[PDB]
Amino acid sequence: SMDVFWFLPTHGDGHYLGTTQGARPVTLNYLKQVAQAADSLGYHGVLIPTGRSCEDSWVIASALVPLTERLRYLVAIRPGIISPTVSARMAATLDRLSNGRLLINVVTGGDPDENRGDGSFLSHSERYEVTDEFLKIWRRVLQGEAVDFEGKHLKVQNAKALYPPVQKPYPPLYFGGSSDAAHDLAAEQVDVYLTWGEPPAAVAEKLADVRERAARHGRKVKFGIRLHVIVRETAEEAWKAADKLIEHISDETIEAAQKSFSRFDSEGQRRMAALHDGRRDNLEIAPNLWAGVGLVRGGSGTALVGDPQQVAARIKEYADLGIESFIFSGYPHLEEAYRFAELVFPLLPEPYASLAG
């Protein structure tokens, strides 16, 4: 079993990182282009990021649902900035309009400056306490239960979502995080645990940690990985494109982003930045794993670079560890969605092997 996702560039898109040269503005028409591409190419779904640097994920996903037939949408919810009852009604409404194509990404928010801008003045441990109480209300209201809940952070009385969702018991819960509070929350409530593109040894230990905590709660969680991808027909062209992606990234822009990443209260972001740390020589931190994207961009920071056989081999490495979901992205997002689907899909298991023509 394997689900291959693509990515909607709600932060912005282009041919190069860091610079405005070759940039592509994010419009309704361009978002339609990427979503309808992933829909017709046969991708399982698309991940839609959230945050201050993005357009709103719920507005984007809701607008693209009537314009696609099979594509699923992994939309992010951020506990602490919205009522859990209201978030559930949004999830129910969007899941009903899409006829069961909604996927939920639980996001706790690792930037204290952005969180204070949204009105949240909570420590790292406190944010996961709100998320813990949030998900308990969210999951229960969506199953038709009039919820009475009074916790340390959230309190609802007769919380009801009158319109039931299509997917039972609720739209699947995806979650990413590397701290101990994140692994506990994932093991207790979520359905799929997501990690960024660390080397296989680091992901295997993170998966083993989550699998252990989930077993202690009598549950089993599925796993997925988030990666960039620069795949070409030959290995020489792929690494040539990787160097070309970052040719306009000055040293003062790398210092500007790293100064902002150190402000983050995120353990998952810390492990991603602990792979590059501003270096430019020796960026291949692992066989066909290139950490050049993390020099400027937040969140995901590594990419699989190589020919179709080299990239498909790295996928089997992660799949052998138990990872079943793969969320890819490329620059630019439209062109690379076709390139991955035409070079890598025939090398992947079904149904992706048979989607090529």
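Start at 1 with the first residue shown and count on from there.
The mean C-alpha temperature factor is higher for 301 to 309 when 301 to 309 and 34 to 42 are set side by side. Averaged over Cα atoms, the B-factor as recorded in the entry is higher for 269 to 277 than for the other of 169 to 177 and 269 to 277. Looking at 238, 137, 75, 190, the one whose CA carries the top B-factor in the deposited record is 238. Listed residues 145, 129, 247, 95 were ranked by CA B-factor as deposited; 247 comes out on top. Sorting the modelled residues of the chain by their CA temperature factor places residue 58 in the lowest third.
Looking at the C-alpha B-factors along this chain, the one for residue 314 belongs to the highest third.
Annotation for residue 291: C-alpha temperature factor in the highest third relative to the rest of the modelled chain, per the entry. Split the chain's modelled residues into thirds by C-alpha temperature factor. Residue 163 is in the lowest one. Compared with the other modelled residues of the chain, the Cα B-factor recorded for residue 80 ranks in the middle third.
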